[PDB]
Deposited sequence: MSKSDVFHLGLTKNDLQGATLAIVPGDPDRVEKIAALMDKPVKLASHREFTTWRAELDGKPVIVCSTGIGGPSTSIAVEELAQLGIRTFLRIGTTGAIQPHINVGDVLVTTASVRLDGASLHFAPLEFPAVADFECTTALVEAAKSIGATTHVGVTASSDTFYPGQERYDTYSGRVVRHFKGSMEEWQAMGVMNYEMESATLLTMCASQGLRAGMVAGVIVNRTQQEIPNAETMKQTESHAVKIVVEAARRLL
């Protein structure tokens, strides 16, 4: 193996330069299966890698696990192997009252509520998505007719306090995040998730193209805890970026 964590070699990728990067290892095979000649390559820790073919070109599907840190490992090591384009596909909680469960959200840029992004660029640097990737994602969503929102995402190193959840062991939120959800809504932020800030920052600051799309599984103006269109979209976007 050529990389320390993923257990992959340059050769396993077979010239692939695009990766769809879901968070959950168990959803890797599922995404791969929507393409041609899906093949499992490796599985170590939270990193599960499949290779498939899309319009006759090799494409990687590799899971990041939850969070900036493991994402930063996946992305670095895939880049070493030759990946230049990363499409992230996630689940997310919407924080605006007009976004519905099942809606698709495309992130133009992220509020950096993470630690890992600071390891690539200082805070003033925008966690901005690649324009071609964003365009591909928006356009893909248009063509499958999914209801889509485009805008800014709050990207948090935690699922609980950083997203201002109060149903927790302690029931408290640190001073810094008390009242934070409401500030982000006032600023038009669409949703919370946990990886985009890292992904976008590490890519934007290293010449790698990244885009970001998520399916809404809960609306935070209703509920803290949650009770496929996006997967179709990310694959179709990959198709346009090949």
| query | finding |
| --- | --- |
| Deposited residues absent from the coordinates (by C-alpha) | 1 to 3, 231 to 238 |
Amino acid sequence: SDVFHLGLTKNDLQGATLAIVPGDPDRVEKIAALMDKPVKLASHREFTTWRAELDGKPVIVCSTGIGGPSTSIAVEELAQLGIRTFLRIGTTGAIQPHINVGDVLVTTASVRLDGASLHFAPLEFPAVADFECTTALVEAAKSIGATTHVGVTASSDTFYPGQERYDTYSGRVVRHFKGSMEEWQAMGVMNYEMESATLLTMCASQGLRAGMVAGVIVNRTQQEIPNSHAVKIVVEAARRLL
From here on, numbers count along this sequence of modelled residues.
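Heads up, when I say rigid core I mean the largest set of C-alphas that superpose within 1.5 Å between the two forms.
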| query | finding |
| --- | --- |
| Farther-lying stretch by C-alpha RMS in 6 other deposited structures of this protein (rigid core fit) among 95 to 103, 78 to 86 | 95 to 103 |
| Stretch exceeding the other in mean C-alpha B-factor - 113 to 121, 146 to 154 | 146 to 154 |
| Which of 96 to 104 and 156 to 164 has higher mean CA B factor, as the PDB entry lists it | 96 to 104 |
| Most elevated Cα B-factor in the entry, residues 200, 62, 34, 208 | 34 |
| Peak C-alpha temperature factor (PDB record), options 216, 186, 42, 28 | 28 |
| Chain third (lowest, middle, highest) by recorded CA B-factor, residue given as residue 132 | middle |
| Residue 190 - Cα temperature factor, lowest/middle/highest third of chain | lowest |
| Chain third (lowest, middle, highest) by recorded CA B-factor, residue given as residue 52 | highest |
| CA B-factor ranking of residue 233, expressed as a third of its chain | highest |
| Within-chain third of residue 21 by Cα B-factor, per the entry | middle |
